[PDB]
Amino acid sequence: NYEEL
Amino acid sequence: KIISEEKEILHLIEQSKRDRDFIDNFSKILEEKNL
Amino acid sequence: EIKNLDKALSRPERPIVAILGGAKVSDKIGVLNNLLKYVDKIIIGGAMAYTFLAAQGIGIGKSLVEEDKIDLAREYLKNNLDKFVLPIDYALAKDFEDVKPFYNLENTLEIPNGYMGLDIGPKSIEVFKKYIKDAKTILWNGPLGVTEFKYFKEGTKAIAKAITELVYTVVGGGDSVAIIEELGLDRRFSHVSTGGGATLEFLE
Amino acid sequence: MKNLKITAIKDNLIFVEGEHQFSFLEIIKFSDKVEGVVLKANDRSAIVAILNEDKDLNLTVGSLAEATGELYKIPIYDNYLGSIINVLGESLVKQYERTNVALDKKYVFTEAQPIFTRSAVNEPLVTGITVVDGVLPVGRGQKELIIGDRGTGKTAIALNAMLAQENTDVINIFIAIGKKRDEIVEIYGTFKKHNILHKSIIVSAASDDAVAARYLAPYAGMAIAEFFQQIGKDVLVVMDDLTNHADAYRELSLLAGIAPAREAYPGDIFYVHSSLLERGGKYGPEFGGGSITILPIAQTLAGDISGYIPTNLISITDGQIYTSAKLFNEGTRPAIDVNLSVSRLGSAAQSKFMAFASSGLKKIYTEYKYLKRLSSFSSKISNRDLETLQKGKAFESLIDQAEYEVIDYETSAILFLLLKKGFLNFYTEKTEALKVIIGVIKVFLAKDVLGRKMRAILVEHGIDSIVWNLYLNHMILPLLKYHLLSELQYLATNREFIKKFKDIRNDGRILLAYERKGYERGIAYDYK
Amino acid sequence: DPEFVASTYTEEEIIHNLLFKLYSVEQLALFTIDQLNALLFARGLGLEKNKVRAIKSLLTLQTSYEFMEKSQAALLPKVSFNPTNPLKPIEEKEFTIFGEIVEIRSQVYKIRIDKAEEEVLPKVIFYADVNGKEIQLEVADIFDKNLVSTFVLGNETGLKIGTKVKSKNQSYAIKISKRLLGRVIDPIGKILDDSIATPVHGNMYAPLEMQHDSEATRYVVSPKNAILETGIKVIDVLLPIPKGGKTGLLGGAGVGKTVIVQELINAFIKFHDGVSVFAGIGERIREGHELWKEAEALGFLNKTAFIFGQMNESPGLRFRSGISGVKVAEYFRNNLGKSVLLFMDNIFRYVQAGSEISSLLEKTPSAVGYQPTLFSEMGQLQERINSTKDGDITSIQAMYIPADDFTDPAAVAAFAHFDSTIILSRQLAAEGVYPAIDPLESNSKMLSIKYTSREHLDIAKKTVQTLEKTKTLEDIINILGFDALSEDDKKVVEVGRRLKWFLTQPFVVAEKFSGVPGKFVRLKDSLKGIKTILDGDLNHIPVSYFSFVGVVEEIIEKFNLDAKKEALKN
Amino acid sequence: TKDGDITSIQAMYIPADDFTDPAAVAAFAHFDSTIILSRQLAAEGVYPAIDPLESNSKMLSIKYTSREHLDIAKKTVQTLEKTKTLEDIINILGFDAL
Ligand SMILES: Nc1ncnc2c1ncn2[C@@H]1O[C@H](COP(=O)(O)OP(=O)(O)OP(=O)(O)O)[C@@H](O)[C@H]1O
Ligand SMILES: Nc1ncnc2c1ncn2[C@@H]1O[C@H](COP(=O)(O)OP(=O)(O)O)[C@@H](O)[C@H]1O
Ligand SMILES: [Mg+2]
Ligand SMILES: [Mg+2]
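Residue numbers (the working numbering), protein chains in the order written: chain G, 4 to 8; chain S, 94 to 128; chain B, 46 to 249; chain H, 5 to 532; chain A, 29 to 598; chain C, 479 to 576.
So this is what it looks like as C-alpha cells:
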C-alpha cells in the first residue's frame, strides 16, 4: 500500500 | 516557514548549551570582586 | 506476428521487463493499463518521463511536459509504486539545437532552469544496463532519448547494445523498428511490429 | 683542447686545476679511454673520481686533462643483448658482434617523468614462484624490494623472476654492484642454459672495480632500460644489490670531503636511491607506452631491518619480499616470510582468474601459522582446528619449489583452486602426487590444443565459478585421477581419495591407450 | 522576487544549491530505488538497498538544522563573507640582487653577489635560467656581505660554475585562488596534471610568511570543542576526531592508511560540504597518479587541492610541501571563510627531508643522526593548524613508524601535537578485518564528558572492556578448549566476537578490491547497534553474519532470510 | 682458470664476538662456504665448535651433490632448529610439558 510507505 | 518554531527553539537551546560549556571570550566568566 | 503480440502475451516467463520509449505521457495510457496488469517492471524514457518527474515533484526546467496527465501519473504511482524505473541522469542543452551536452554533476535528478531534457546520461545508461542484465523478456517500443539529434542518440545505441549482447528479446514499436533499421538492432529482437495504433491496440 | 692539469693525487681521487664552468658529475677526459666525474668543484679547481684505469696511461702531477662540459652519456649498441658490459659499454663477454654505430646515447642521470605521463599498473609480471604469484603479486611497472639476510635465497628469487620470462616479451637487465666475477659468469651460464640469453643484458661492476663505476652502474642500467622502454617494450630490472651501491657512494663522499651523517652516509643518500627508483613504472602511449619493473635487493644484518639503507629502501618501494633465515633452517624453499611481506598493489596486479583462485590464501596461512606455533603448548583442538591444520599443511606443501623452477601462472591458479576446494589434503609428506599433478597440468595447458584454448580463456578472460567448476569436473579431475592412480597405486586405498574421487568419469582406458602410443603425460585430445 | 534573488547567484552557485532542496515525504514515497540512490549519493549518505530505510535516512539528513539552514539560505540573495584579517598577496618588486654560482656540490651551491640594490635576507629565492628552464635556490647561510649558500628547490641538473642568478629578495611564492581546486601542483607551483601546463589563476602568496601584526594575535585561538563525523563505526564510537585539532594515522606498510585517507576526503567533501587540501610529502609517483585518477573517477576531484612533493625531488622541495598545503588551507579559511580538512602523508618523510637538509648544509647531527631543530620544525609545521572565528582547519596526518619503534625521535616529535591517534595493525588486517583499526591501542582525547554524552562514554567504555576481556579469554580457549570457560565467560566471549566483527565496514572507495558497495553509518546508528549487541540480544546469530555490514538491522534481516530459505528447502 | 685451480681456506677473526662488524660484513660477500664458530658450543665442550644454524654453504646444490645428501643435510638442520626451539620450553616450563 502507498500509505504504509 | 522552512524551519519550524519548535526546531528553532531546540537549536537555540543547543547553541546556548555550547556557548555556556565552551567559552571563547574570557570576559564571559564570572569574577569575584575584592572587598 | 501472433508469436509475439498474441502468443507471447499470455504466459510470459518471469522475470519480465518492458521498455517504453516515447515523448508523450498521454500517448500510451492504455498501454500502461494492460502492461501493469501484465508486466511488473517497466523502463520509461522520453518526454513522458519528464512529465512523470514533474508529477513526482522533481524540478523539470524548460523541458516539454503534459500538464493534463500529471494527476494521472500521480495516480499510476500511488496505486503501484515499485514497478517503474525512471532514469536519474539527464544530458541537457540550452535549446533544441544538438550542441555539446551539459550535465548536472550534483543532484543529477534536478533539471535546472534554462535547460530541457532530451537524452539520458551515463549514470542512467549504467543503471538501465544493470536492470537489463537480470531479465528474461525484452519488449522495446520507441526511443527513450531523442534519436533525431546526433548529440542525443547515445542512449538508444547503448541500450540496444545492452539488449543485444544478452531469455527472449523482441521489438513492439514503430519507432523502435525505425531505430533498429537505422542502427542494426535485430541481433536479439526476433521481429518488430511497426503497428502504431495497431501495436497500441494489441498492447492494450 | 686540454685545459686542466693535475695538482694532487689522494685516495685515488684526482685534483684538477684550471678555469672552467664545472658542473656536478661532469665528465672529465684524461685520454681516449680514461675519464672521471666531478664530485666537488670551485671556480678554478675540482675533484674527480676515475671511472676506469688504463695500464698504458700513468696519471701523475702535471698531467693535462680535458673538461668535456657535458655529463655522462651511455651509448646503446647492437650486441648488448646476450652480453656482459661495463658502465662504459665495453663487451666483456659477448655472443655477437658490434656494428660500432650506436643506436642512441642516453643520459644516465635523467629525471623521472612526472605523474601525468604514467598509467595504472594492471598487468601481472609472472615471477614463476607460486607464493609470489598468488599471495604477493607483482605487477608490470611496480618496484618490489627483496630484503633479507645472507644466504637466504634473494638472488635465486630474482633469477627465477628473470627465468620465468622465457616465453614472454619482457626484456631482462641484471645489474651487479660489487659482486664476484665467478658468480656473474655462473649467472650468465644459467641465462644461456634456459634460452633467455638472447634478450638479457648484464651490467657488471665487480667488487674490485673503481668505486665510481660501482656508483654509476645502476644508473647506466636504468638508462638502457629507458632506451628499451621508449620504444614500447616491457623491461624487468634487477639490482643486486643496493647496499653495495650505498657503500660505494659513502666511500666516494668520505674520500671527497663530505661531512658524515647517520651511519657515516652522506646527507643525500636517500635522494640518490629515490631518484633512481622512481624512474620505473608504467607509462601512457604518449610517453613511450612501455613499463619498467624493478627488483632491488637489500641485505640485513641478523634480521635488523632498522638500518638506515633498509629503511630508505622500504620507504621508497611499493612492496617488500622478506627472506627469513629461520624459515631457511626449517627447510622452506624459498624461505619467504609471508607474514612480513607486503604488496600494496594486490589483486590489481593479478589477472581475474588468478584473483579468483587466490581469494583467501593469506588468511588461511596466518591462521595455520598461529595454530602451528601454539600446537607445541596446547593439547585440545577442535575439528575446525584439524581442517585448518590440513589446509595449512597443504598450502605449505604447495608453495615449496626447487631452484630455477618456473611454474606457470595458470598452473599456480589451478593448484590454488584445487587446494581451496579441499582436493590436496589426502597426501602428506610424499609430495610426489603434487609433482605429477604439476606435470600433468603443465602438459595439458602447454601441449593439448584444447588445453591451449583453455589456457587462453584463463589468461585474458575472467570466468565465473560455474564455468571453472565445469572445467574442473570434466577435464582436469579425470586426468588427475587417472594419473594419480597410474603413478601412486596405494593412493586408491586412501579413504579420502576414494571419497573425493568417486563421482568423476573413469577414463582410464583411453588414457592408457594414449600412454601405450607414447603421447607424453597430459595430452588428453589429439584431434589435430 | 525570484529574479532578484537568482541575480546574485552564478549558474554554478545555483547548480550547487540544487543539492539543498527540501523534498516532502509525500513526494519521497513516490521515488524509485534508482532516484533514491542518486539522491543519497549526491548528498553523501551512501547507497541503500531498502526503500523505507532510504527515505528515513534522507529525512534524517534533511531534518538536521544545518541542512535546513542551507536550504533556507539557498532561496535568498547572496550574502558575501566579509574577510577580516585576509591573506595579503606579496608586493610587486623588481629583480634587485644579481650574482653567480661560485661553488658546486651535491644539492648545495654557493652564490657570490655582484650587483645588489639591497642586502640579502635569509630564506630568499635566487632564480637561474638554464636552457629556458627556471631553477629556484633557497638561501640558507649568509657568510658575509656578498657570499651566500643555497639549496635547490626541485632539480639541480643544468647548474654549473658561473651560472647567473637573480633575486627579488623574497621567499618562494605560489599562486593561490579558488581555481586551485581540481588541479595538481608541486610545492613551488609547477603544474603536474598536464603536459601543456595550463596556468592557475590567482594571487601570489608567500607560504613562509605568516602575516601576523603581533605575537599576541597567535594566542587569539579557540580551543577545540566539536567532533567531526566520519561515518566510520569504529572511529565515531571509540576514537572521535576533533574539529580543529590533529589526528595521526599510524602503522607499518600496507596497513591501509591511504584508503582511509581517500574515504575521509570523500566524506568531508560530500557529506560535510567542505573544501579538502591534500599535501603529499615524499609522495610516490605511482600512488599520486592512482589517487588523482580515483579522485577524478569518484567525483571529489573538483573540490580538492592537491600539492605533491614527489619522492624523486630534492629534499628542499620535499620539505616545502607541508608548508604549501598549510598556506592553501589558511587562504581557504581566512579569505573565503570555509572550513578546511587538510591531509598530510607522510609526516615521517617530512621529518626525513628536514634531516637531509640539515645534514647537507654541514650541521652537527643530533641523537640518532637527526637534525638539531627537529622539535622546532615539527612545531613550525603543526602550529598553524587551529580553529578561529573564521572557520576550522582539521588535520588528518598519516605516519609511518619504522619497525614499530614508537620511541623513534620522529614519532616522539609527532605525538607532541596529535589530538587523536589511530593505530593500525597488520595482524588485524591479515585476519581480513577492515578498516583494521586497533581499538585497544588507539585512543582519543575527545572521548570525555566535556564533548560527548553519558551514553556514548558508557558504550565506549563497555566496548573496550569487553574487547580486552575477550582477547584475554581467547588464549584460554585456544589452549584449554572452549569448554574450560565458565558460563559467564562464554557469553562474554561471544559478545566480544560479535562486537569485533560488527566494527568492520565496507568503504565506497574500497570497491576496487572486494567489489562490495560502501556504506555511511551515522553515530546514532552505530551506538544503537553496539547497544543491541552488548545486551546479548543478537546472541542467536552466527558470527559470519556480522561481518562487513552497515547497521544492526541488516544482520537480523539476512539471518531471517537464511532461516526462511532453510525452512523452505527441507 | 683453465690453467689450474686456486682453493682458498681463510680464517676470519670477529672482534668482541660482534658478527655485525663491518669487516665481517665485507668478508661475508666473498666466501662460497661460510663456517661460523660459537663460543657457547666451545664452552659446552663441542669440538669443533661449529654452529650449523648460523653457517651456510652454496655447495649444497643439485649441481654438486646427490639428492640423498641434500635431503639428509636439510633434515639434520631442521631437526637441530626444532630441538633448539624446544630446549627453551624445557628450560622454562620443565620437561613434562612436552
Ligand atoms: N628454491 C630453492 N631451493 C633450494 N635451494 C635454494 C633455493 N633458492 C636458493 N637456494 C640455495 O640457497 C643458497 C643461497 O642462494 P642465493 O645466491 O640466492 O642467496 P643470497 O640470499 O643471494 O645470498 P648472498 O648473501 O650470498 O648473496 C644457495 O645454496 C642456493 O642453492
Ligand atoms: N578498507 C579496506 N578494504 C580492503 N582493502 C584495504 C582497505 N584498506 C586498505 N586495504 C588494502 O591496503 C592496500 C594498500 O595499502 P595502503 O592503503 O597503501 O596502506 P599504507 O598506506 O598504510 O601502506 C590495498 O591493496 C588494499 O587491499
Ligand atoms: Mg646474492
Ligand atoms: Mg599510504
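Every residue, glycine too, gets a C-beta built ideally from N, C-alpha and C.
Review point. When you compare only the Cα positions, how much space is there between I206 (chain H) and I150 (chain H)?
Key: On the fourth sequence, residue 206 (chain H) is found 202 positions in, with the first residue counted as 1. On the fourth sequence, residue 150 (chain H) is found 146 positions in, with the first residue counted as 1. Cα-Cα distance, rounded: 19 Å.
Practice item. Pick helix, strand or coil for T159 (chain H), following the three-state DSSP scheme. Key: As a first step, residue 159 (chain H) must be located in the fourth sequence, where it is residue number 155. Reduced to three states, the DSSP call for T159 (chain H) is helix.
Exercise for review: List the residues of chain C whose Cβ lies closer than 8 Å to the Cβ of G155 (chain H), in chain order.
Suggested key: Position 151 of the fourth sequence holds residue 155 (chain H). In chain order: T512, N534 and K536.
Review point. Is it the case that the CB of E290 (chain H) approaches a heavy atom of ligand 2 more closely than 8 Å?
Key: Position 286 of the fourth sequence, counted from the start, is the residue given in the question as residue 290 (chain H). Checking the Cβ of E290 (chain H) against ligand 2 gives no.
**Study point:** Proximal residues, the stretch 91 to 115 of chain B versus chain A, C-beta separation under 7 Å
**Key:** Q101 and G102
Check your understanding: Any residues whose CB sits closer than 5 Å to a heavy atom of ligand 1? List them in chain order?
Key -> H:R154, H:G155, H:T156, H:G157, H:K158, H:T159, H:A160, H:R337, H:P338, H:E407, C:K536 and C:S539
Check your understanding: From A295 (chain A) to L240 (chain H), what does the alpha carbon distance come to, in whole angstroms?
Key -> Reading the fifth sequence from its first residue, position 267 is the one you call residue 295 (chain A). Reading the fourth sequence from its first residue, position 236 is the one you call residue 240 (chain H). Rounded to the nearest angstrom, the two C-alpha atoms are 39 Å apart.
Practice item. Ignore the nearest five residues each way along the sequence and tell me which others in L8 (chain H)'s own chain have a CB closer than 8 Å to its CB. Key: Start at 1 with the first residue of the fourth sequence, and residue 8 (chain H) comes out as number 4. For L8 (chain H), where only same-chain residues beyond five positions count, the Cβ hits under 8 Å are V20, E21, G22, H24, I32, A50, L68, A69, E70 and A71.
Practice item. Quick one: residues in its chain with C-beta nearer than 8 Å to the C-beta of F399 (chain H), no 5 flanking neighbours on either side, listed in chain order? Key: Start at 1 with the first residue of the fourth sequence, and residue 399 (chain H) comes out as number 395. Taken in chain order, the residues that qualify are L365, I368, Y369, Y372 and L423.
Exercise for review: Give the secondary structure of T498 (chain A) by DSSP, where H, G and I count as helix, E and B as strand, and everything else as coil.
Suggested key: If you number the fifth sequence from 1, residue 498 (chain A) lands on position 470. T498 (chain A) falls in the helix class under three-state DSSP.
Review point. For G241 (chain B), which residues does DSSP report across the bridge?
Key: Counting from one through the third sequence, the residue named residue 241 (chain B) turns up at place 196. Paired residue(s): none; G241 (chain B) is not in a bridge.
Check your understanding: Should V289 (chain A) be listed as close to ligand 4, given that the test is whether its C-beta is under 8 Å from any heavy atom?
Key -> Here residue 289 (chain A) is taken as the residue at index 261 of the fifth sequence, counted from 1. Answer for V289 (chain A): yes, Cβ within range of ligand 4.
Practice item. Could you tell me if the beta carbon of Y223 (chain H) falls within a distance shorter than 8 Å of some heavy atom in ligand 6? Key: With respect to small molecules bound, the structure shown includes ligand 1, ligand 2, ligand 3 and ligand 4 and not ligand 6.
Practice item. For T194 (chain H), name the three-state secondary structure that DSSP assigns. Key: By 1-based counting over the fourth sequence, the position of residue 194 (chain H) is 190. Three-state result, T194 (chain H): helix.
Practice item. State the CB to CB distance for the pair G104 (chain B) and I156 (chain B), rounded to an integer number of angstroms; the pair is presumed to be in contact (CB under 8 Å). Key: As a first step, residue 104 (chain B) is located in the third sequence; it is residue number 59 there, counting from the start. As a first step, residue 156 (chain B) is located in the third sequence; it is residue number 111 there, counting from the start. With a Cβ gap of about 6 Å, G104 (chain B) and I156 (chain B) count as contacting.
Review point. Based on the DSSP secondary-structure assignment, which residues constitute the bridge partners of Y135 (chain B)?
Key: Position 90 of the third sequence, counted from the start, is the residue given in the question as residue 135 (chain B). In the DSSP output, where bridge partners are listed per residue, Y135 (chain B) has B:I165.
Review point. From what residue to what residue does the beta strand (DSSP E) around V239 (chain H) run?
Key: On the fourth sequence, residue 239 (chain H) is found 235 positions in, with the first residue counted as 1. Taken as a continuous stretch (DSSP letters only), the beta strand (DSSP E) holding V239 (chain H) covers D238 to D244.
**Study point:** chain C contacts made by the stretch 323 to 334 of chain H, where a contact means CB separation under 7 Å
**Key:** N333 and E334
**Study point:** Local Cβ density within 10 Å of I78 (chain H), reported as buried at 16 or more and exposed below that
**Key:** Taking the first residue of the fourth sequence as 1, we reach residue 78 (chain H) at position 74. The residue is buried, with at least 16 neighbouring Cβ atoms inside 10 Å.
Review point. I313 (chain H): beta carbon under 8 Å from a heavy atom of ligand 3?
Key: As a first step, residue 313 (chain H) is located in the fourth sequence; it is residue number 309 there, counting from the start. No - ligand 3 has no heavy atom lying nearer than 8 Å to the Cβ of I313 (chain H).
Practice item. Compare the C-beta of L123 (chain S) against all C-beta atoms of chain A and say whether one is closer than 9 Å. Key: Mapped onto the second sequence, residue 123 (chain S) falls at position 30. Chain A contact via Cβ: absent.
**Study point:** Alpha-carbon spacing of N186 (chain B) relative to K145 (chain B), whole angstroms
**Key:** Locating residue 186 (chain B) in the third sequence gives position 141, where the first residue counts as 1. Locating residue 145 (chain B) in the third sequence gives position 100, where the first residue counts as 1. Each residue's alpha carbon lies about 27 Å from the other.
Exercise for review: Could you tell me which uninterrupted beta strand (DSSP E) segments, each at least 3 residues in length, are contained entirely in the stretch 75 to 118 of chain B, listed from first to last along the chain?
Suggested key: 86 to 90
Practice item. Compare the Cα-Cα distances from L228 (chain B) to each of B:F247, B:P188 and B:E249 and report the closest residue. Key: Position 183 of the third sequence, counted from the start, is the residue given in the question as residue 228 (chain B). With distances taken between Cα atoms, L228 (chain B) lies closest to B:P188.
Practice item. Go through its chain and collect everything with a Cβ distance to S476 (chain A)'s Cβ below 8 Å, but skip five positions before and after it. Key: In the fifth sequence, counting from the first residue as 1, residue 476 (chain A) sits at position 448. If we look at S476 (chain A) and ignore the five residues flanking it on each side, its Cβ neighbours are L485.
Practice item. Consult DSSP for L344 (chain H) and reduce its assignment to one of helix, strand or coil. Key: On the fourth sequence, position 340 is the one that residue 344 (chain H) refers to. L344 (chain H): strand per DSSP, three-state reduction.
**Study point:** Proximity test, Cβ basis, 9 Å: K274 (chain A) and chain G
**Key:** In the fifth sequence, counting from the first residue as 1, residue 274 (chain A) sits at position 246. No - not a single Cβ of chain G is within 9 Å of the one on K274 (chain A).
Practice item. Rounded to whole angstroms, what's the CA-CA distance from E409 (chain H) to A281 (chain A)? Just pull it up for me. Key: Here the question's residue 409 (chain H) lines up with position 405 in the fourth sequence. Here the question's residue 281 (chain A) lines up with position 253 in the fifth sequence. Rounded to whole angstroms, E409 (chain H) to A281 (chain A) spans 30 Å at the Cα level.
**Study point:** Backbone CA spacing between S319 (chain H) and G127 (chain A) [nearest angstrom]
**Key:** If you number the fourth sequence from 1, residue 319 (chain H) lands on position 315. If you number the fifth sequence from 1, residue 127 (chain A) lands on position 99. Taking the straight line from one Cα to the other gives about 38 Å.
**Study point:** Paired residues, beta bridge with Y111 (chain H) - DSSP
**Key:** As a first step, residue 111 (chain H) must be located in the fourth sequence, where it is residue number 107. H:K77, per the DSSP bridge assignment.
Practice item. Sort H:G236, H:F120, H:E282 and H:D58 by Cα distance to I224 (chain A) and report the nearest one. Key: The residue given as residue 224 (chain A) occupies position 196 in the fifth sequence. Of the listed residues, the one whose Cα sits closest to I224 (chain A) is H:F120.
Exercise for review: Please check the pair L81 (chain B) and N49 (chain B), which I expect to be a contact at CB under 8 Å, by giving their CB distance rounded to whole angstroms.
Suggested key: Translated into the one-based positions of the third sequence, residue 81 (chain B) becomes position 36. Translated into the one-based positions of the third sequence, residue 49 (chain B) becomes position 4. Actually they do not touch by this definition, with Cβ atoms about 20 Å apart.
Exercise for review: Measure the CB-CB distance between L256 (chain A) and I450 (chain A) and report whether it falls below 9 Å.
Suggested key: Along the fifth sequence, read from residue 1 onward, the residue named residue 256 (chain A) stands at position 228. Along the fifth sequence, read from residue 1 onward, the residue named residue 450 (chain A) stands at position 422. No, Cβ-Cβ distance for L256 (chain A) and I450 (chain A) is not below 9 Å.
**Study point:** Burial state of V80 (chain A) (16 or more Cβ within 10 Å)
**Key:** Looking up residue 80 (chain A) in the fifth sequence gives position 52. Exposed, by the Cβ-count rule.
**Study point:** Status (buried if at least 16 other CB within 10 Å, exposed otherwise) for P118 (chain H)
**Key:** Counting from 1 along the fourth sequence, the entry for residue 118 (chain H) is found at position 114. When all chains shown are included, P118 (chain H) counts as buried.
Check your understanding: If we cut at 9 Å on Cβ distances, does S99 (chain A) have a partner in chain S?
Key -> The residue you call residue 99 (chain A) lines up with position 71 of the fifth sequence. It does: the Cβ of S99 (chain A) has a partner Cβ on chain S nearer than 9 Å.
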